[PDB]
């Protein structure tokens, strides 16, 4: 009901948060182009959900695959309303001595260059429509340390800067750019229930997906430039002091 008639591309959408966002976008009447490099998962999901969900293989590090992905969406569906640049790779907390220059440049290619390209070509076709919404997947590590590795946090910080620069530029054309910075997805929930600030609730892929839905829906028509954290308050506190003197 909320996304009726809208066309959304979700890179990295064959699995996890992107797949949860694809299904929820499908439930709200959006035509969704699943983009990923896991072709069996992507094709299986796009067929199971039905006629308005297609799949397109797209390694986001190849600008030509990306340009073609958006161009196939405009030809097939008339245009692109939503670009959910979610394709990335994740590393947990590490040390600066664990950073390998080739691993670093690879992560930067998927995480930062991939977001750059997915934005450029979403912007390429959105600008003439004088409509459009771009949502990147950052990470809660954009507002606190100790929950991701050095290469990962820096790539996600760069997405936030890209998101704000796109919000100002594409704002003149009625186009919004936003981030969602989730906290903990990929025994594991027991560890999450111990570290979360907001106790009781566990963070799931749909939880992040319904937040992307908000940012992409007309309900957030005036939300732009925003890196919306979904962390249950994890990033606003350093409990070390309180633990040493109250526990």
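Numbering follows the first chain given and starts at 1.
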_Neighbours in the displayed sequence, residue 186 and residue 187 may still hide a gap; how many deposited residues lack coordinates there, none, 1 to 3, 4 to 9, or 10 or more?_
10 or more
*On mean C-alpha B-factor from the PDB entry, just flag whether 191 to 199 or 174 to 182 is the higher one.*
191 to 199
*Mean C-alpha B-factor higher for 47 to 55, or for 218 to 226?*
47 to 55
*asked:* Test of reading the entry: by CA B factor among the chain's modelled residues, which third contains residue 96?
replied: middle
*Split the chain's modelled residues into thirds by Cα B-factor; is residue 128 in the lowest, middle or highest one?*
highest
*Thinking about Cα B factors across the chain, which third does residue 75 belong to?*
highest
*Chain-relative CA temperature factor third for residue 143*: lowest
*Comparing residue 15 with the other modelled residues of its chain, is its CA B-factor in the lowest, middle or highest third?*
highest
